[PDB]
Amino acid sequence: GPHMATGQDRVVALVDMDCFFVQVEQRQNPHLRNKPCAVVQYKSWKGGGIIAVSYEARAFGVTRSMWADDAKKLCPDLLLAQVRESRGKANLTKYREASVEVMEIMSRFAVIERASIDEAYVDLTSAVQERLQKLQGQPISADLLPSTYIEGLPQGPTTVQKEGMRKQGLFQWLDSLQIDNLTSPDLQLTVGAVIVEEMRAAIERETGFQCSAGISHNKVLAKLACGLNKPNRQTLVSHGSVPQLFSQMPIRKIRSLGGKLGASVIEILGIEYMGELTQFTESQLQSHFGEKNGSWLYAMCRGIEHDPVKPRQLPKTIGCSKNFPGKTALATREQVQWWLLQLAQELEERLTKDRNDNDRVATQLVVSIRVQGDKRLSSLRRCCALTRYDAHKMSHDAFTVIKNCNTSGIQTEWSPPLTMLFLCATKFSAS
DNA sequence: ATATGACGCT
DNA sequence: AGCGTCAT
Ligand SMILES: Nc1ncnc2c1ncn2[C@H]1C[C@H](O)[C@@H](COP(=O)(O)NP(=O)(O)OP(=O)(O)O)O1
Ligand SMILES: [Mg+2]
Ligand SMILES: [Mg+2]
């Protein structure tokens, strides 16, 4: 009762760009706008692999990881943009740079944690408090929330179109707001949503890109909220909406529960939905999933999560990687050394840019490879000192640290063949 | 035969 | 350190 914390201390948002690489390509090429479109990587094998899909093309069933030749079977008018290729590999610079455009705009409103190339969490607690002093108990007009959904509303006893439903739920939400209570969690969320509308308007105004957002009390709910009404909309998930929302929410939809841990929860406990977790004690959950996971699950199924928005807008590693599938697996020493060089040359370019831009230098080089037949992402990881941003030195050091993995008795030959090379610069210090 | 990035475990 | 997990 009086002493049970409810996880309502923060306002946290997750902003995620809508079909991000497609929007980047559509900005650059007006002929792709308002069309079924996808961004494709390489070309020779089955037309290349799709990595981003416009919402018009999703309506035909086109998805990420689909081959372009297969996507065209679903959607014959599909337009395609190709990822740039440099040094024989995909080169993602255009998207990294568009990401920086978005992150710098968001960083004007609050401290952000970059969570992917296209999304960032926002700790809005301070901004909300400041905005709540300036408002001075004035009601929040629905005009301030033109793209906001209130999860769980409209409800109860009292319209057959999407936007009408949205507005009816928003009116019900606003009409129940205690606007005199500067500490009401629901009011704080609402003001947070007002700020995220402003943030998303600025992103769209200054970049042309549209995005979605979730606003809630923690990162997990904000991320979940964000996807509820993609694209080009934001969703507020209140603490009070959690029981109904979680009562039919598959466990795998919750961030970090999408893999083996979430599958074990389902299998060991005999449950399907996040809300069913409330029936177990914290000790029970810890007994099955370990001390940290059990505690985390106990709170999370009640909508409570305390992972902070870390103040970090820049990645902390800089890495280059390429897979060599099937018959293209690297099978000679010279092949391995040539591709390590291509990777090292792109890495040097990104590192040199990183040092001038962000006043830091990497100090460790991590070399990861995958051998043919191994289902793991990485078969082997070794590291060495990164002392000079010099591609030939880096590629040579990388070969040095992996070269003993070659079981071939022949010098020119590499065995077992390599299906992935990966160079990652890490352990940055200020410069 | 689908390029990366963060963090956990021992 | 080197591998395992989850993610976009
Ligand atoms: N496995 C992957 N491999 C390569 N690139 C990927 C990728 N997953 C995502 N990307 C790249 C391409 C993606 O555009 C970008 C952001 O990924 P999302 O936010 O997960 N998906 P999007 O923003 O496209 O659409 P929406 O959010 O509206 O659903 O990262
Ligand atoms: Mg996205
Ligand atoms: Mg994303």
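Proteins come first, then strands; the chains are lettered A, B, ... in the order of their sequence lines, and each starts at number 1.
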Touch class at under 4.0 angstrom, heavy-atom based, for [X] against every strand present:
X	answer
A/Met17	nothing
A/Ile51	base
A/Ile117	nothing
A/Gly49	nothing

Nearest whole Å is fine: how far is [N] [atom2] from [X] [atom1]?
X	N	atom1	atom2	answer
A/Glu85	B/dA3	CD	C1'	13 Å
A/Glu113	B/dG5	CD	P	15 Å
A/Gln41	B/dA1	CD	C1'	13 Å
A/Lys375	C/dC3	NZ	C1'	18 Å
A/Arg255	B/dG8	CZ	P	11 Å
A/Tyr121	B/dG5	OH	P	17 Å
A/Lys43	B/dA1	NZ	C1'	15 Å
A/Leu257	B/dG8	CG	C1'	15 Å

Given that A/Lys327 and A/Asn91 both sit by DNA chain B, which one's nearest nucleotide is further toward the 5' end? A/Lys327

With DNA chain B as reference, determine whether A/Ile318 or A/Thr328 sits nearer its 5' end, using the nearest nucleotide of each. A/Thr328

Which residue, A/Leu228, A/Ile215, A/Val220, A/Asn218, forms the side chain to side chain contact (heavy atoms under 4.5 Å, CB included) with A/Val237? A/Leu228

Whole-angstrom distance between C/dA7 and B/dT2, as gauged at atom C1': 15 Å

Tell me if a side-chain donor or acceptor on A/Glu119 pairs with a main-chain N or O of A/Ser116 at a distance below 3.5 Å.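 A pair under 3.5 Å: no.
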
Side chain to side chain, A/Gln188 and A/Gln129, heavy atoms closer than 4.5 Å: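 Touching, per the 4.5 Å side-chain cut-off.
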
Taking only side-chain N and O atoms of [X], does any of them lie within less than 4.0 angstrom of OP1 or OP2 on [N]?
X	N	answer
A/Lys223	C/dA7	no
A/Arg96	B/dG5	yes
A/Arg114	B/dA6	no
A/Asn323	B/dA3	yes
A/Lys292	B/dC9	yes
A/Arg312	B/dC7	yes
A/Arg376	C/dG4	yes
A/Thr317	B/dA6	yes

Heavy atoms only: give me the nearest A/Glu276-A/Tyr273 pair and the separation to one decimal. OE2-N, 2.9 Å

What closest approach, in Å, do A/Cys424 and A/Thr317 show between heavy atoms, and which atom pair accounts for it?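 Looking at all heavy atoms of both residues, the closest pair is SG-CB, 3.4 Å.
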
Side chain of [X], heavy atoms from C-beta onward: which of [options] has the nearest atom to it?
X	options	answer
A/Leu261	B/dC9, C/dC6, C/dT8	C/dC6
A/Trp45	B/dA6, B/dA1, C/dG2	B/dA1
A/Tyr42	B/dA1, B/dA3, C/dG2	B/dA3
A/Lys310	B/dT4, B/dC7, B/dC9	B/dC7
A/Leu92	C/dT8, B/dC7, B/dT4	B/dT4
A/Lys89	C/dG4, B/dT4, C/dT8	B/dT4
A/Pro315	B/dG5, C/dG2, B/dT2	B/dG5
A/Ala90	C/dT8, B/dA3, C/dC6	B/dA3
A/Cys320	B/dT4, B/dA3, B/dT2	B/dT4
A/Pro325	B/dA1, B/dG5, B/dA3	B/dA1

Indicate the ring-plane relationship of A/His239 and A/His217, choosing parallel, tilted or perpendicular according to the 30° and 60° boundaries.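 Perpendicular.
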
Is it true that A/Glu206 and A/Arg108 make a salt bridge, defined as a side-chain N closer than 4.0 Å to a carboxylate O?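 Yes.
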
